[PDB]
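Written below as structure tokens is the structure these notes are about.
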There are 2 protein chains.
Amino acid sequence: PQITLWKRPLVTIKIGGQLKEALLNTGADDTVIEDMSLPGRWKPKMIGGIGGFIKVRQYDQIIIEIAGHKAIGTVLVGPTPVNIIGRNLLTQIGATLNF
Amino acid sequence: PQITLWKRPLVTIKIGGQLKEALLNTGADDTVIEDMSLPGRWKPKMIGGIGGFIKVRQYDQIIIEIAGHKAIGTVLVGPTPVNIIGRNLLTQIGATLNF
Ligand SMILES: CCCC[C@H](NC(=O)[C@H](C)NC(=O)[C@H](CCC(=O)O)NC(=O)[C@H](Cc1ccccc1)NC[C@H](CC(C)C)NC(=O)[C@@H](NC(=O)[C@@H](N)CCCNC(N)=[NH2+])C(C)C)C(N)=O
């Protein structure tokens, strides 16, 4: 699709068997999902933005379907106010900015 | 241009006669620039990021060039980690997200 930016670029994702709404975020290096259980091992990480930092759990090799497109990579899980799809997974679905 | 996302989508902007670097940020409603002087009065705004809320100075009808494209609109000034071009000005330069 071509997504205009009049409104927040929200899409449906599937992760860990659950459907969620997530924000396609070119200003995020990483993907961060509201706290949930994911399979396998994790390690703690600090991620920052406006307002400072939060502690998250890092899971590697996680598969997410993003608007019907399958991607795999690192997914961080923690107290984010919004589900965020960052560049590490946007690249995998071939996402580009165009103007 | 068509911008892939393997690196941060950084561009050159020009605002108040100064060249700066800023991030094209589909995950931002608003445009936030690190502290600088802008003409006119400002008004208060609280903005939220992944870490919490911060107060910024809101300046309306600011002229800004973004990767060679002219925009005129609201610019928030405050402590952002990185200068960010949000959807309010991304729409003005005709930017879309494609995959
Ligand atoms: C129209 C105006 C509405 C009024 C106002 N609106 C807002 O506050 C809206 C919701 N906030 C936003 O739009 C803000 C940008 C600020 C702004 O636009 O004002 N967007 C954001 O903060 C979005 C995520 C988000 C989206 C919506 C809500 C909350 C959060 N991320 C933008 C931010 C830009 C960064 C360069 C500073 N990116 C990040 O924070 C990402 N972090 C990173 O990419 C790493 N660099 C951080 C890790 C560093 N440490 C390390 N690697 N060890 C994070 C998503 C993983 C309000 N008060 O409600």
Side-chain angles (χ1 to χ4, degrees), chain A residues 1-15 19-33 49-50 64-75 80-99, chain B residues 1-15 19-34 45 47-50 56 58-76 80-99:
Chain A
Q2 178 169 86
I3 301 170
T4 52
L5 295 169
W6 300 114
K7 290 183 179 176
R8 292 184 188 169
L10 300 171
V11 300
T12 297
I13 64 167
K14 185 171 182 176
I15 178 175
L19 294 181
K20 293 180 176 292
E21 174 178 89
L23 176 67
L24 303 182
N25 190 345
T26 60
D29 304 321
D30 303 308
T31 291
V32 61
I33 303 302
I50 283 165
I64 296 182
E65 294 179 351
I66 303 168
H69 298 67
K70 175 168 168 172
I72 186 168
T74 297
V75 174
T80 176
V82 178
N83 297 318
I84 288 159
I85 307 302
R87 292 188 297 102
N88 72 310
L89 295 186
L90 292 173
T91 54
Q92 299 301 105
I93 69 178
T96 60
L97 279 171
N98 299 79
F99 60 95
Chain B
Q2 176 162 281
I3 300 182
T4 51
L5 297 165
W6 308 92
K7 296 175 173 177
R8 293 184 175 168
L10 296 165
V11 294
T12 301
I13 66 168
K14 189 178 190 173
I15 175 177
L19 291 187
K20 294 176 186 294
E21 188 161 273
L23 180 61
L24 300 181
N25 190 350
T26 61
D29 302 335
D30 313 297
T31 292
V32 195
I33 300 304
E34 75 209 335
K45 184 166 181 130
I47 61 173
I50 48 169
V56 295
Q58 171 172 343
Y59 294 87
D60 293 324
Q61 210 157 346
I62 297 302
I63 307 175
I64 173 175
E65 299 170 27
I66 304 166
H69 296 252
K70 184 162 289 180
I72 305 180
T74 299
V75 174
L76 313 181
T80 176
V82 189
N83 294 324
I84 55 176
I85 303 308
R87 292 187 296 101
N88 73 307
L89 303 183
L90 291 174
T91 54
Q92 295 201 12
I93 65 173
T96 64
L97 246 190
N98 297 257
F99 62 90

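Just so we're on the same page: letters track the sequence lines, and every chain starts at 1.
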Nearest heavy-atom pair of B/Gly49 and A/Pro81: which atoms, and what distance?
O-CG, 3.9 Å

Mind checking the CD1-CD1 spacing from B/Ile85 to B/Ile93? Nearest 0.5 Å is all I need.
8.0 Å

Could you pull out the closest heavy-atom pair between B/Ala71 and B/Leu89, with the gap in Å?
CB-CD2, 4.1 Å

Interatomic distance, CD@B/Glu34 vs CD@B/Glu21, rounded to 0.5 Å, equals 10.0 Å

Do B/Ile64 and B/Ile66 come close enough that some side-chain heavy atom pair is under 4.5 Å?
yes

Between A/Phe99 and B/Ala95, which heavy-atom pair has the shortest distance, and what is it?
CB-CA, 3.8 Å

Minimum heavy-atom distance B/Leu76-B/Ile47, with the two atoms named:
CD1-CG2, 3.7 Å

Look up atom CG in B/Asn83 and atom CG in B/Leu23, then write down how far apart they are to the nearest 0.5 Å.
9.5 Å

Please check if the side chain of B/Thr80 supplies one atom and the backbone of B/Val32 the other of a donor-acceptor pair under 3.5 Å.
no

Donor-acceptor list for residues 1-15 of chain B side chains, cut-off 3.5 Å, not counting sequence neighbours:
{"residue": "B/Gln2", "atom": "OE1", "partner": "A/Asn98", "partner atom": "ND2", "Å": "2.8"}
{"residue": "B/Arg8", "atom": "NE", "partner": "A/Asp29", "partner atom": "OD1", "Å": "3.1"}
{"residue": "B/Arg8", "atom": "NH2", "partner": "A/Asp29", "partner atom": "OD2", "Å": "2.9"}

Nearest 0.5 Å please: distance from the CG atom of A/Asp30 over to the CG atom of A/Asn25.
10.5 Å

Interatomic distance, CG@A/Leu90 vs OG1@A/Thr31, rounded to 0.5 Å, equals 6.5 Å

From B/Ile72 atom CD1 to B/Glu65 atom CD, the distance as rounded to the nearest 0.5 Å
10.5 Å

Is it the case that B/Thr74 and B/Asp60 place a side-chain donor and acceptor less than 3.5 Å from each other?
yes

